[PDB]
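S.K.: got a structure for you, letters missing:
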């Protein structure tokens, strides 16, 4: 079992896709493994570059196949460098930029909780142990909390585990166990701009519909409730890109669907106020309007607390 | 006929395109075929990596051309590994991520039924049999049914068949028969979020138009039916991306087109109610409104059941 | 002149761009040319794969440069295979997926007529004849006419021609003549879904504006004609992607522009009806409304027949 | 100084970006330079293909670095061919498809004037003269003037110049002068479809707002001017993609901004007409409406002529 | 320590992304380092091209790994050229086009201040000094200030620094110091078109809502304030692409959110004016309207000055 020291540097974690549950990660990968003693020109260790790296393997130099398990497509390896030491050890430094998949829960978008995971397992070698994992997410979080989309919390989670496989070759009494690095950086999305850009204006439009709970004129009432619903849909179109859309139900989506009913229900109230006045019963219509004038804001507050009580 | 054992691992089936009938599939491909006996360093079998794989073929090592028949463009092969055994057999392990085409029926979108097919046939060898196919879709479906867009039902369908060709070379008395793997995983789209985000709000807007079947004021009636049609088109704009658009007629599209008539027809009713009152015949207008107040909801229910009876 | 037998298989003709006049074509290319006699291991012909193909050319093996003339960018060649026969002939099989340019006429979109052309000419060899062209568009059209976007009509058009060039080198007394394959598959776009999704709803919105030709209330009339124009523009936004937009005038675009006038003209009528009633002359306004109530539908029908008479 | 004959063929000039001032150009590049005498098999000149081209340079064959100066990114070179003559000269034929940058003036979009420039200078050789430039834009313009987006005027502009550099090496008494080809094809955008699709309907919506200069009812007046402004913004959304948006002010943008004022000003007029009638002074309101009924169309005509007088 | 003279030419700084804080930079890179004396054919220095550059490294020629630190993905290197001098020095000229990341502050968009930074550090060599940095942004700024999106101010900022690292190898306590080039060009976004296209029309729509501070009719008042809010959201949809959206609060976003309240508040005023007239207290409603007729424009002016006082 060849011991490999893996040190991964983290520079950027950008472009979090709300559909494919993908995110682009940039940095550097360092693999210091003890090889076999070789002769370098003099005492100083040899420095080999990307083009000449393949030339060394042809001559009889070992290079282990360390592949990312959760990588979506082939990641972009910039410049790769092999540092052959006269003593024996070899240091492999390579810049990488690729897409990584991890199960994401967007259920509670306004106060999002997400984990960015990176996994590495040698593609061809099982009885070749991975010594120690090191995550250097030295890109300062408290430096620009407003500028950074995600508030980096904790200097990642180091985890080294032996992944057991089932479907393999004929000889597996102790070949099914592959060493695997499990890097997991945590982050919390900043609500800072999501309230005065999405939440707050989507609420005002809904309360503007509620101004028909004072107005007696049905012609003016229709214009309020119908047009605000147009404004709500229009504003939901503007937002949509910022909004995360997943196959499951969300707290934001639950509120968004709840708003659609509170328009439909208000339309009913306004129409009820009208038909009562038409059928010479305005005494009911008078109290019906006064009721919903206090009921609607209370009911929406109860239900928003109900949703929050279920999601949190 | 060289016997080839093909074991394909399935990791992800993501990004289902509603137009091109394409979907991205990620995993691993294993090809264990009995070659010719060779000498490996000692007893242990030789492990060859991607860069050195081409070097072996030049020396005189066999590598069969196993191409995906239904692959759209050249798929992304990550790291490929050849395992040369001293006895004779060779195990080929390669990570793949590519686009696959299959005939899809989106006719019934809210309760979608789809099959994800993967086909493999040796590009150059016909009298080279494919021994056994194995599909390892071990990515747990019941684990996160709400999170997964498609509910993976069944551990795929293994199918090995001899595909017969017509247009070939000169020598074809028994060369037209190529061995082909036919992998078909089944899945059902979760309706869970499609009802409170698309179906339900598209219905409320249509019923808000129906509130003119109580109102006597034509000026207020126009504002209802005309503006709700604006809201419906606006909401159809928001949805559109989620909506699958194909060259054939769909259950969703049939309902969507039916809604467009139920606005146009309601406009007619409202205008009829007006001209009758204008031409001193309000007795008809009074019953005309009361009729459509019960008729419209019944007619739409009948027709929605009619459509459902035709599609299902 | 080396005789080359070219047989092109057609699998898919997908993604027809309405702006760049491009379409993606997938299939296989077969080039059977009589080379020089060589010795294969035994009697059986040698099978050479993509990586080893370049190795043969270095040793002294001929490979002709067959490039697509109408290809947009470098097309994606999947797996290429050379079949060296002991007698002399060589069969070249290669999978291709690329973009092809051809002059397209979208003038009559609802009942579209289009030709998909593919051209092949040897990039370097003029006095090297192309024997016979064969198009195998065996992807069944009548199988799924509703599912297929284009109804494949005819098993393509085989055409072999000697293309004469003007601007060449110094030596051209008989070097300007290059052999060229001209493959042209015909197809007709299915109107099936384009009427109940685009045409029909765009018409209803326009007739809803015409309901002001019965209404006497100007305040209610404005709401009709102005808001329907908003709905028309809104619906044209939804459609737009499905709609083909070219630098020339189309039948669809002519109707679309005609609809914009029929709103503007109706606004004038409604305003005329008003000013006449204001200036104590409602006798004119009464007949003015009754006139346009019969005129507008007749005029639009005449003009739609006029447009159809010009385009067809 | 090695004399190089450069003949560039033009096939397509497609996808003109209104932001980055980029356009994709496809064709062929021919470089006939007199090298050194070599022995070809017999008398016939040797034909070398793309893969074997690099093999010749290794043996000791010259290939000059002819790079496009105005190319955005590395352009797509399809198939490249070297024609080695026994006498000495070498003809280099290569198919290219790349993006080219040139300063574009979109100030007057409806009647656009644009120049498509292509520049070539040897990347490594200064005292290596470029003999003669030849542009073969034989893709017929008058063939399909309605189908072609740009009306190709003139068979391009041939220009060969010695570009002088300042920041170079140590030895520059006569090494700063590089030979450069300056190809410039001219074209004029067809207005044909831009008037009945963009200009004309954007005008009708603005005149529909002007129908409030006859109407006495403020409630009906508001519905006109407010909703037409919604329609104008909605129609500007539909158009936007066709509209060129640059960091400077345009004739189209000036008119577009002018339209936004003519709505705001009309709103003021309508509100003035109201407050005058409210404050028992309708004599002013009567003439105020009659004034703007003649003023607004005259003022907009004056200002549109003013803008046209400034831009042209 | 090998002294390297780095001279970077700047051609284009295009496509500034408001989300990822990225921008594409094109130009040339010159690296003149004193190598070892070699024999060139005669006295003239050897000119080596891109394909032959790798051939020289195999023979025993030094090429230092100069990588961009702030580069997003692998940048596009066009044609690279090595100029081997007989004396010893080697000049490396390479054309580049890549994406660069730098922390951007969009807080004050209408009068934006931005810095475009480019960093270069040898990927493999620390005790290999970078002699002098030279930035040639000779692409004239005052030439076309209206055409250029960013007004290039200053001929960049030359900065050479020794970057100290923490996580490294065993070999040296004085190996953590890498020489790094820090190029920073400054630019200011032109407001020229952002006022008559975004700011000015977004203001007119808001003042059109204020015309209800004269109107006594609630039915006409609702139509004003509700529809202008639709127009504002509609216009914000049109703009959105031009608008920079970041996770922090902006001056534009603050004004944009402030506008959403000024609609909601105006709705309240209009509804208050109504309920007062309903509950036989129009004396209050009369002064309430007259108050907000002077208050609203003054309050918005105060608050806009307040925001400007905080951001500037």
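M.R.: Arrived safely. Numbers count the residues shown, from 1 in each chain, chains lettered A, B, ... in the order given.
S.K.: For chain A, which segments count as strands?
M.R.: A:4-14, A:22-34, A:46-49, A:66-68, A:71-84, A:89-101, A:113-122, A:130-136, A:150-153, A:160-164, A:177-189 (DSSP state E).
S.K.: contacting residues around the second one?
M.R.: Pointing back at strand A:22-34 there. Identification of contacts with strand A:22-34 by CB atoms under 8 Å, 6 or more residues apart in numbering or on different chains yields A:2-17, A:64, A:66, A:72, A:88-102, A:116, A:118, E:72, E:169. From N, CA and C alone the C-beta is placed, and that goes for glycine too.
S.K.: Taking the stretch 51-200 of chain A, what residue is nearest to chain C?
M.R.: Nearest residue of the stretch 51-200 of chain A to chain C: residue A:54, at 15.2 Å (CB to the nearest CB).
S.K.: which one is that residue nearest to, not counting chain neighbours?
M.R.: Spatial nearest neighbour of residue A:54, excluding adjacent residues (CB to CB, 6 or more residues apart in numbering or on different chains): residue B:51 at 5.4 Å.
S.K.: Assess the claim that the one you found and residue A:57 are in contact.
M.R.: Yes: judged on CB atoms under 8 Å, residue B:51 makes contact with residue A:57 at a distance of 6.1 Å.
S.K.: show me the contacts for the residue lying farthest from the centre of chain A.
M.R.: Taking CA atoms, centre = their mean, the residue of chain A most remote from its mean C-alpha position is residue A:280, at 58.1 Å. For residue A:280, the contact set (CB under 8 Å, 6+ apart) is empty.
S.K.: Over to residue A:72?
M.R.: Residue A:72 touches A:20, A:22, A:98, A:99, A:100, A:101, B:12, B:26, B:97, counting by CB under 8 Å, 6+ apart.
S.K.: what pairs with the third one across the strands?
M.R.: Spelled out, it's residue A:98. Beta-bridge pairing for residue A:98 (DSSP bridges): residue A:25.
S.K.: shouldn't it be in contact with residue A:67?
M.R.: No: using CB under 8 Å, residue A:98 makes no contact with residue A:67, being 11.1 Å away.
S.K.: quick one, domains of chain A?
M.R.: As given by automatic domain parsing, the domain ranges for chain A are A:4-189, A:194-311.
S.K.: distance between the ends of the first one?
M.R.: The one in question is domain A:4-189. Domain A:4-189 stretches 35 Å from its first residue to its last (CA to CA, to the nearest Å).
S.K.: go on, stretch A:161-181?
M.R.: Stretch A:161-181: ends 7 Å apart by CA to CA.
S.K.: And for the closest residue to residue A:202 other than its chain neighbours, the neighbour number?
M.R.: Closest residue in space to residue A:202, ignoring its immediate chain neighbours: residue A:235 at 6.0 Å, by CB to CB, 6+ apart. When neighbours are counted by other CB atoms under 10 Å in any protein chain shown, residue A:235 registers 23.
S.K.: which ones are touching residue A:242?
M.R.: Neighbours of residue A:242 in contact, by CB under 8 Å, 6+ apart: A:194, A:197, A:198, E:245.
S.K.: before we move on, what about residue A:84?
M.R.: A:38, A:40, A:45, A:46, A:48, A:56, A:61, A:90.
S.K.: any chance of those residues in CSV, with distance to residue A:175 and neighbour count too?
M.R.: Formatted as CSV, these follow (distance: CB to CB, whole Å; neighbours: other CB atoms under 10 Å in any protein chain shown):
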residue, distance to residue A:175, neighbour count
A:38, 29, 14
A:40, 35, 14
A:45, 34, 20
A:46, 34, 17
A:48, 31, 19
A:56, 28, 16
A:61, 25, 17
A:90, 25, 24
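S.K.: So what does the closest residue to residue A:100 other than its chain neighbours have for phi and psi?
M.R.: Distance criterion CB to CB, 6+ apart; nearest residue to residue A:100, sequence neighbours excluded, is residue A:70 at 5.1 Å. Backbone torsions of residue A:70, given as degrees, to the nearest 10, read phi -90, psi 20.
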